[PDB]
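Everything below concerns the one structure shown next.
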Amino acid sequence: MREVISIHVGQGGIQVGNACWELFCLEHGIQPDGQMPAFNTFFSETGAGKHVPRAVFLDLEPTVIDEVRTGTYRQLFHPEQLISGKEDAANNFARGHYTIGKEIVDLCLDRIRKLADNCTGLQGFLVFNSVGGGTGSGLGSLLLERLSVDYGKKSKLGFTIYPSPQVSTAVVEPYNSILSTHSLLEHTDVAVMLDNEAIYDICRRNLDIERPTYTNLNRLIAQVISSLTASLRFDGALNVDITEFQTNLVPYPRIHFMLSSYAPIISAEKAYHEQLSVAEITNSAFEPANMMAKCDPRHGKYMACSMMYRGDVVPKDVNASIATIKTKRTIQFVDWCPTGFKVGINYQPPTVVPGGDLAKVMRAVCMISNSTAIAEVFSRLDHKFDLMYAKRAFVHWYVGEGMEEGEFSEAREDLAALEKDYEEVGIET
Amino acid sequence: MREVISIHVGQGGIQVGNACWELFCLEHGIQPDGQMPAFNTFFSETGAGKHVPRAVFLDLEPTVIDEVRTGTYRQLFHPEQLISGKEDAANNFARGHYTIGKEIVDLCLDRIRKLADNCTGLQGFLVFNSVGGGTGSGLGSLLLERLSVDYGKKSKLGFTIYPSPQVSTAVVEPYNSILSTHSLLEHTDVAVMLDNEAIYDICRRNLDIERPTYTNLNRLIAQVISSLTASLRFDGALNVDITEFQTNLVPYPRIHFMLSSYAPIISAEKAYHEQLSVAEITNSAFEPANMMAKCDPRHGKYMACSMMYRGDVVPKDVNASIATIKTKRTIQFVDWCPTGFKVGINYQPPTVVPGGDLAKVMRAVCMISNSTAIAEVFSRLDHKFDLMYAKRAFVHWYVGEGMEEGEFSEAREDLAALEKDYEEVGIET
Amino acid sequence: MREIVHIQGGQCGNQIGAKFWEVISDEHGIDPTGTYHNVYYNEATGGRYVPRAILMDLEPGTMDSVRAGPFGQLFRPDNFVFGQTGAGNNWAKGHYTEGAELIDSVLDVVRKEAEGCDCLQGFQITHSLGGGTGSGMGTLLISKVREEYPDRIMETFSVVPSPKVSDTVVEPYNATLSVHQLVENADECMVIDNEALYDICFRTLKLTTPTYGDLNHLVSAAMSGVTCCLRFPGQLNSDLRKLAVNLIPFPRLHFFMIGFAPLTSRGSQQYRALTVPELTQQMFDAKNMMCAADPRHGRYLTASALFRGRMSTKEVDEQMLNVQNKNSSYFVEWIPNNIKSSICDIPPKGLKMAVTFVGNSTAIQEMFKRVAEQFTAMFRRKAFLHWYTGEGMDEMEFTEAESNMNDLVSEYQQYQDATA
Amino acid sequence: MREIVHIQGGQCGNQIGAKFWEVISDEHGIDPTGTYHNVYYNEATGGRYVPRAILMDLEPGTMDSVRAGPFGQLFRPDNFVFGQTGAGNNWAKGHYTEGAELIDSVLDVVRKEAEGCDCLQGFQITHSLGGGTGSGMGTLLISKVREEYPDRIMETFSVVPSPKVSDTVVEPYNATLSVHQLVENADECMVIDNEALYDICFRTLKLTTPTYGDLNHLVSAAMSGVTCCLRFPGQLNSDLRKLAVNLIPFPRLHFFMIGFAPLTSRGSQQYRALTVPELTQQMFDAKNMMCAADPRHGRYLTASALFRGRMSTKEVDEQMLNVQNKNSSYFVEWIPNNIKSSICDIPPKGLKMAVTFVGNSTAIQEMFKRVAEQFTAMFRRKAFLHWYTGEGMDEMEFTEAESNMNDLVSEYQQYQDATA
Amino acid sequence: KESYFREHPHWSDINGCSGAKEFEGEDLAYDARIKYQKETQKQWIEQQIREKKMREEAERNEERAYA
Ligand SMILES: Nc1nc2c(ncn2[C@@H]2O[C@H](COP(=O)(O)OP(=O)(O)OP(=O)(O)O)[C@@H](O)[C@H]2O)c(=O)[nH]1
Ligand SMILES: Nc1nc2c(ncn2[C@@H]2O[C@H](COP(=O)(O)OP(=O)(O)OP(=O)(O)O)[C@@H](O)[C@H]2O)c(=O)[nH]1
Ligand SMILES: Nc1nc2c(ncn2[C@@H]2O[C@H](COP(=O)(O)OP(=O)(O)O)[C@@H](O)[C@H]2O)c(=O)[nH]1
Ligand SMILES: Nc1nc2c(ncn2[C@@H]2O[C@H](COP(=O)(O)OP(=O)(O)O)[C@@H](O)[C@H]2O)c(=O)[nH]1
Ligand SMILES: [Mg+2]
Ligand SMILES: [Mg+2]
């Protein structure tokens with residue numbers, strides 16, 4: 001009587017979801033071919059022996075969907091959930107949201123309707139995507155629109171891979187990323203800002219690897235999401251549903267852009283020479299060095315923090331360490347929210363994916379913080395945007411596809427308002 | 001004490017009947033040899059070993075009858091129940107309704123009279139004729155009138171194949187179909203409208219068969235008709251009668267044009283991934299894609315849906331699944347029918363035919379719906395007729411067989427009467 | 001002395017009666033051959059015991075139903091009066107065209123089986139209200155026997171169609187066609203729905219897959235219970251007419267509600283007790299009654315409670331007075347001691363006590379209102395009418411039929427507001 | 001005779017109720033199979059005992075919390091009224107939107123378990139004031155029952171939001187929105203705070219790994235001791251209403267403090283000795299209680315001391331007088347002999363004497379400020395307010411509630427330092 | 005027709021009781037029933053796939069012959 005739909009769109013979303021299903025099918029004893037030698051949340055019974063995951067993979071470039079169909083988990087999924095287009099997205103917006111996305115949106119909605127009726131105790135969605143891409147934003151925006159006007163009450167969990175400050179894999183990413191804010195506010199409830207450069211540095215310093223890759227990226231993201239959903243899936247002294255976030259992390263439904271953090275991210279040899287108690291782990295959690303987004307909260311405040319401690323952890327130690335961390339001077343809360351740390355506990359440790367660089371740990375803490383510093387990120391991005399739209403760069407590739415250009419400034423207007431709203435909640439009253 | 005007569009006139013209905021008797025003999029254990037190594051509804055006994063099926067196979071073109079008169083099943087039928095002519099109707103009406111029919115329909119009447127006096131509790135007729143050919147149209151009309159004035163009281167159910175929306179195997183389809191509408195309204199109490207492009211798309215997306223053929227479509231139609239007559243043939247925890255079909259589905263003497271659907275039409279591979287419960291099957295039995303007439307149920311408004319099940323079923327499952335169905339908002343009914351879902355159960359699962367792309371599965375549903383969307387279909391066909399009649403095209407081919415010209419306009423207004431009715435009843439109070 | 005004839009009708013009523021004779025042969029201990037192992051059965055040459063009942067229907071297929079299940083070996087093959095064509099789920103079909111043929115034979119065989127009794131108290135019928143054969147032929151037969159046997163009473167165990175769970179589509183028409191006549195010539199329409207039965211099966215017993223046989227078993231239990239203080243000794247005996255007097259206060263406030271106790275699951279039977287306190291608390295429960303009409307949303311004009319077993323009459327009648335005085339709001343006030351108890355010195359098999367509860371309540375009015383609604387729609391559009399016209403019946407009846415329905419519920423409603 | 005029912009709501013309340021039934025079975029000597037090895051338990055066929063308890067919650071997971079734990083087989087499945095969603099820390103869910111879907115059934119089953127008794131001494135609840143499920147459902151249920159039985163009493167062993175160590179963020183909203191009612195329709199709202207429980211478990215027992223099980227064990231033992239002067243004989247017996255008369259001067263100062271004795275670690279248990287002087291000196295201290303309001307920062311309007319075991323009543327009463335005369339300032343003067351005593355004649359299991367202290371003191375007012383103060387800093391900006399605003403609330407419902415809270419605490423002041 | 009004849013699968017023998025103790029609810033084996041049913045359907049699908057593979061391979065054989 002518990003379940004979540006895991007919609008994966010775009011390109012980064014689908015690879016992150018591939019690694020996520022790897023981790024899930026692993027920790028539940030499920031074999032990658034589907035059979036089995048606590049899972050009603052993600053995987054469901056398929057009326058013939060094995061189990062199938064609650065997921066749908068939309069994409070237009072058939073390469074990644076083909077790689078999934080010919081990879082290891084070919085027998086895992088349902089040959090309908092893998093919706094493959096006919097061409098590429100070309101890293102623009104109207105070609106995934108106005109002209110072509112209308113070919114696949116209706117089929118996707120029928121498949122999502124099927125998945126919804128095949129479930130009873132729905133609790134939410136989990137969309138993974140980038141926005142610097144062409145279909146991860148466009149088709150994602152259209153899907154968010156159709157769902158918000160179709161289902162309603164069920165809260166969506168966006169996991170968007172934004173553009174990092176310096177590392178760049180596209181030149182037009184600010185344009186289509188701004189083109190997604192006009193629909194991220196309205197239709198989406200929770201948005202976990204994830205960058206890349208921060209996670210690259212994380213893999214560099216802690217995991218000691220000097221040749222990291224997108225696969226390790228996705229492994230870490232999968233770990234974070236599994237630690238997020240452990241409360242639904244498993245035991246725990248203080249369980250926390252997915253309807254707890256809305257009551258604990260959303261002051262006003264127009265400012266809901268959270269950022270993640272995870273611990274302990276340690277290699278093999280760097281755990282031997284340590285202690286790694288709960289106190290040290292909850293100090294390391296808040297360190298902006300190993301935060302999973304590009305932001306320095308020292309130049310911001312914290313509205314709320316949902317911490318989920320999985321593994322053998324006693325509650326009194328959590329309470330004491332929370333008191334200490336809140337008593338520190340350099341980590342300051344807002345005045346209008348004095349009791350900010352929500353905490354939950356699960357009695358299951360991490361389950362390391364085979365072949366990973368991490369180490370088995372008896373404990374782990376996953377923090378999701380609704381903060382006010384993330385706002386500057388948006389501001390920074392606008393900067394980039396302006397320095398292009400001041401000279402009408404690449405506007406032709408969007409106007410060629412019915413996209414009324416007058417939306418652009420509107421977005422850069424609307425997103426701009428967001429900054430003001432943050433400057434409305436940073437007011438020390 | 002009860003049985004059905006099935007007529008297969010034309011070249012379409014006769015192929016459908018070939019596949020249909022194939023499936024029937026297969027399910028009742030009757031080997032093609034007649035001698036076998048609940049069936050009184052279909053087959054009678056010629057006093058020794060071989061069970062003769064109740065049917066007449068009429069066609070003026072003796073090609074397909076010679077396919078069966080010497081094919082694999084010639085041992086089965088009665089050599090008098092295979093009536094063949096020496097020419098064709100050449101797709102025009104009067105030559106199969108005025109000149110050549112005059113000789114053959116009398117012999118057909120005598121043979122049907124004999125089959126009637128042979129059987130005791132005859133309950134209904136089942137004509138099998140496309141309206142595309144001059145045979146199935148003209149012969150169909152003449153035989154229908156002859157029976158409606160000979161027998162009368164008995165119901166009639168024509169599994170008639172119309173011309174598809176866009177594809178066709180004859181260019182004079184709109185003519186020799188409109189002239190049969192007059193016959194179909196008065197004498198043919200009900201009409202189970204079937205098309206081809208719908209079953210084409212079903213085969214192209216559900217059963218993964220990329221290059222379908224007429225034999226696949228015919229096997230599927232045979233399965234549908236077996237599902238229809240299940241309750242009469244076989245055991246049943248909760249049965250329905252072929253008279254009960256009519257009053258549960260004929261709200262007015264001039265709106266009785268019913269479409270159909272069947273589930274689960276799923277290949278071997280995809281069946282490995284399906285909930286298979288009653289919920290999902292009676293959910294997919296409502297999607298537009300698998301409606302065996304290419305219409306848009308999302309647009310019209312249903313009036314009355316009958317549902318013949320088969321395979322192990324708990325009635326409370328049907329009740330709860332129908333609750334979920336009526337809970338779906340996008341589907342809507344007329345005011346004068348708050349109870350539109352008639353059910354019926356039987357305890358014989360589907361039967362497999364060697365070479366049939368249908369995966370063996372216990373549960374199965376077959377829905378037949380009297381709805382008001384079907385009107386658009388008629389209107390659609392009307393358009394074709396317009397762009398011909400303005401130029402009197404092909405008309406001399408009709409006047410050259412004793413058919414007055416004005417009949418075209420009269421049948422046109424006759425079908426405009428239906429386009430008036432089926433969009434007059436679906437109106438609020 | 002004190003016999004009962006049990007007419008059937010429609011495949012619904014036929015299955016219900018089959019299961020009822022199941023439960024009766026179980027209680028009296030008769031194996032399916034009719035050997036011992048007058049109120050219900052008749053002696054038969056050689057020592058056999060053949061049940062007294064007449065089975066009527068129009069789809070001869072249903073015959074193979076009762077001939078199939080155990081205890082089907084009982085009915086004499088001469089009572090199986092059937093037809094050929096079938097019901098066709100139509101009222102006028104089975105009541106004006108086909109009914110008008112076999113009804114005479116049914117009357118003659120009923121006359122043959124009736125005078126075989128000496129003191130016949132009453133009848134009881136088993137049928138639906140919309141099912142063609144059941145509804146139509148049953149209301150016609152009731153008309154005939156109530157114009158023939160005025161002294162006796164016409165008990166009727168009609169299974170009402172509750173439009174929440176759907177099986178047919180033109181049910182409201184035949185439901186009204188049966189109600190208009192059963193209010194006119196039948197004294198006890200002890201209606202029963204399927205919604206409440208499936209509910210009692212889902213929760214009170216935690217049953218997962220309730221098939222029609224199970225619900226028929228539960229109704230068979232209630233039907234056996236409704237007359238236990240008659241064929242068995244008891245400290246305060248009852249009959250079919252003490253029911254008739256203690257319950258109906260008017261010519262046409264004679265529509266009822268049913269209940270049985272105690273019904274428990276397996277995992278629950280280890281945690282409770284079996285005493286008249288808890289049996290009573292379970293009896294008045296809304297979720298423990300087989301009529302889809304919330305009792306709390308109305309009142310009780312009166313009620314009878316037949317206990318079976320053995321217990322001090324004091325605790326019984328004192329707890330009756332107590333459960334009346336507590337909820338005196340949901341009991342009518344212009345009737346003193348509206349409840350009535352009765353005790354039988356022998357319970358059914360297995361258990362020790364058993365509460366069969368009957369209630370003439372002003373709440374089951376709702377169970378008709380809904381039908382009215384359907385009619386008021388499907389009649390102004392005159393939908394599905396061309397069948398009910400060219401077969402013997404004309405529209406006229408329909409109109410006036412609905413009229414009476416209003417009056418009926420109207421009367422009930424006024425006593426829900428009659429205070430004095 | 002003088003029975004009590006056990007309503008439990010929310011995760012905290014349900015877990016504490018499990019631990020409390022474990023302790024009660026430990027005392028009365030009932031193994032988990034519910035056999036001996048009428049005030050609380052109830053009989054069932056085969057000499058089985060089922061506790062007169064009732065479990066409710068919005069998330070079904072807590073079932074695998076109460077049935078899995080030891081002694082979890084005593085309850086009855088019919089007493090588990092479990093929804094499917096979980097109010098999700100949102101008060102309005104369990105009081106306006108989801109509450110009113112389970113309150114009907116839970117009221118039905120409370121009435122079932124209540125009418126089954128003869129002398130209903132009163133209800134006693136176990137829940138929290140921070141969690142949405144517990145707060146909302148419990149307060150709505152208290153509303154309905156004090157609208158139903160206005161003569162009996164409603165004790166609530168309801169915990170409060172932890173002063174310092176917070177684990178939720180929507181805490182003050184829930185606390186205020188439940189106090190606004192518990193001030194109105196409660197009689198003994200015994201309050202417990204996790205911070206003081208950790209203080210005890212870290213300073214009075216020198217423990218080193220307190221799990222919620224142990225806090226619940228402590229509070230449940232105190233719960234037992236509160237009313238264990240009723241189940242057993244007493245040189246001077248007592249019950250709930252004696253407390254209710256001797257402990258609330260004005261009809262709204264009914265929020266108590268709870269303390270237990272004796273409590274000892276390994277060492278002190280190996281060294282110290284249990285005598286009435288030591289128990290008294292250990293009881294009337296500051297950090298031997300379960301409320302983060304240092305009693306010296308206030309006074310005791312009144313305070314009862316329940317003793318258990320075989321002691322010398324003269325020693326008890328003389329030491330009551332002595333501790334009242336010694337710390338004369340910390341008590342209140344305009345109520346002479348403001349300390350009350352009571353003595354039972356049987357100690358707990360495995361002990362030879364024990365003490366339960368129940369003090370209606372004017373020191374808790376500080377608490378009803380700090381939490382309230384939190385509200386003032388979280389409502390001036392509508393922080394998280396749109397959630398409750400969306401489910402049907404109104405801003406007035408908040409503001410006046412806050413004022414009510416203020417009113418309440420001010421009352422203490424207004425009649426703490428008064429005299430004549 | 006022969007309505008009401010199976011109750012897939014049911015019709016126990018003479019044995020029974022008059023009250024309401026056992027109703028064959030859940031059949032006391034519903035779980036093993038579902039497990040065996042699922043195994044049977046998996047066997048069916050395996051056989052159908054094992055056949056369709058060969059029926060397809062026949063086409064490639066015909067294609068090689070035509071080339
Ligand atoms: N964290 C993470 N990010 C990825 C991954 N794969 C791609 N990305 C991001 O995807 C972004 C590139 O945009 P795409 O998503 O590929 O573009 P698109 O919308 O899918 O359109 P097309 O790829 O042209 O079909 C880059 O910024 C990547 O950071 C991955 O495996 N993990
Ligand atoms: N779905 C389906 N359609 C068929 C089949 N066989 C024929 N048809 C259709 O029959 C229609 C032509 O009408 P016919 O009556 O068969 O033509 P005809 O028999 O040659 O008419 P005449 O020779 O002039 O008497 C075409 O549209 C076919 O698609 C079949 O097996 N399955
Ligand atoms: N509770 C219960 N209801 C039944 C049973 N059998 C049929 N019914 C109802 O009978 C109704 C139809 O009446 P029916 O007797 O089948 O019409 P007939 O063709 O005239 O015999 C349907 O709505 C069924 O719900 C049964 O065994 N138990
Ligand atoms: N002393 C003690 N406090 C608890 C326990 N469990 C929860 N609490 C607290 O009770 C509050 C939540 O109350 P809860 O019963 O979960 O209601 P809900 O949140 O609406 O489901 C939180 O502040 C918990 O920390 C326990 O076992 N012992
Ligand atoms: Mg793309
Ligand atoms: Mg031809």
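Those protein sequences? They're chains D, G, M, J and A, same order as listed. Quick note on numbering: the first sequence equals residues 1 to 37, 48 to 439 in the deposited numbering. Quick note on numbering: the second sequence equals residues 1 to 37, 48 to 439 in the deposited numbering. Quick note on numbering: the third sequence equals residues 1 to 37, 48 to 430 in the deposited numbering. Quick note on numbering: the fourth sequence equals residues 1 to 37, 48 to 430 in the deposited numbering. The fifth sequence begins at 5 in the deposited numbering and counts up one residue at a time. Every residue, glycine too, gets a C-beta built ideally from N, C-alpha and C.
For residue 16 of chain M, is the classification buried or exposed, using 16 other Cβ atoms within 10 angstroms of its Cβ as the cut-off for buried?
As a first step, residue 16 of chain M must be located in the third sequence, where it is residue number 16. With 16 or more neighbouring CB atoms inside 10 Å of its own CB, residue 16 of chain M falls in the buried class.
For residue 340 of chain G, the nearest candidate out of D/160, D/287, D/284 and D/244 (CA to CA)
Looking up residue 340 of chain G in the second sequence gives position 330. If we check each option's Cα against that of residue 340 of chain G, D/160 comes out closest.
Endpoints, alpha helix (DSSP H) assigned at residue 110 of chain G
Counting from 1 along the second sequence, the entry for residue 110 of chain G is found at position 100. It is not in any alpha helix (DSSP H) - residue 110 of chain G carries neither H nor E in the DSSP assignment.
Give the single residue among G/417, G/85 and G/349 whose Cα lies nearest to the Cα of residue 182 of chain M.
In the third sequence, residue 182 of chain M corresponds to position 172, counting from 1. Scanning G/417, G/85 and G/349 for the CA closest to the CA of residue 182 of chain M turns up G/349.
Going by the C-beta, is residue 31 of chain G closer than 7 Å to any heavy atom of ligand 6?
Locating residue 31 of chain G in the second sequence gives position 31, counting from the first residue. The answer is no for residue 31 of chain G.
Apply the 10 Å Cβ neighbour rule to residue 352 of chain J and answer buried if 16 or more other Cβ atoms are within range, or exposed otherwise.
Translated into the one-based positions of the fourth sequence, residue 352 of chain J becomes position 342. Answer is buried; the Cβ neighbour count reaches 16.
From the DSSP output, in three-state form, read off residue 50 of chain D for me.
Against the first sequence, residue 50 of chain D aligns to sequence position 40. Three-state DSSP puts residue 50 of chain D in coil, outside helix and strand.
Which ranges would you report for the alpha helix (DSSP H) in the segment 272-320 of chain G if only whole runs of at least 4 residues count?
Counting only runs of 4 or more, we get 278-281 and 288-294.
Cβ of residue 99 of chain G within 7 Å of any heavy atom in ligand 6?
As a first step, residue 99 of chain G is located in the second sequence; it is residue number 89 there, counting from the start. With a cut-off of 7 Å, the C-beta of residue 99 of chain G is classified as near ligand 6, since at least one heavy atom of the ligand falls inside that distance.
First and last residue of the alpha helix (DSSP H) that includes residue 335 of chain D?
Position 325 of the first sequence, counting from 1, holds the residue named residue 335 of chain D. Where residue 335 of chain D is concerned, the enclosing alpha helix (DSSP H) starts and stops at 325-337.
Apart from the five residues just before and just after residue 31 of chain J, which ones in its own chain have a Cβ nearer than 7 Å to its Cβ?
Position 31 of the fourth sequence, counting from 1, holds the residue named residue 31 of chain J. Here residue 31 of chain J has 37 as same chain residues with Cβ atoms under 7 Å from its own Cβ, once five neighbours each way along the sequence are excluded.
Counting only Cβ pairs nearer than 8 Å, list the residues of chain A close to residue 57 of chain D.
Taking the first sequence and counting its residues from 1, the one referred to as residue 57 of chain D is at position 47. Within 8 Å Cβ-Cβ: 42 and 45.
Is the segment 148-166 of chain J close to the segment 203-218 of chain J, with three or more CB pairs under 8 Å?
No contact exists between the segment 148-166 of chain J and the segment 203-218 of chain J.
For residue 289 of chain G, return the contacting residues in chain D, with the cut-off set at a CB-CB distance below 9 Å.
Stepping through the second sequence from its first residue, residue 289 of chain G is reached at position 279. In chain order: 127 and 128.
Would you mind telling me which residues of chain A sit closer than 7 Å to residue 359 of chain M, beta carbon to beta carbon, in chain order?
Residue numbering aside, residue 359 of chain M sits at position 349 when the third sequence is read from its first letter. Within chain A, the residues whose beta carbon sits less than 7 Å from that of residue 359 of chain M are 21, 22 and 23, listed in sequence order.
Residues of the segment 384-418 of chain M in Cβ contact with chain G at a cutoff of 8 Å, in chain order, please.
From the segment 384-418 of chain M, only 384, 387, 388, 390, 391, 393, 394, 396 and 397 have a Cβ closer than 8 Å to chain G.
When the cut-off is 8 Å and only beta carbons count, does residue 422 of chain M lie next to chain A?
Taking the third sequence and counting its residues from 1, the one referred to as residue 422 of chain M is at position 412. No, residue 422 of chain M lies away from the interface with chain A (no Cβ there is under 8 Å from its Cβ).
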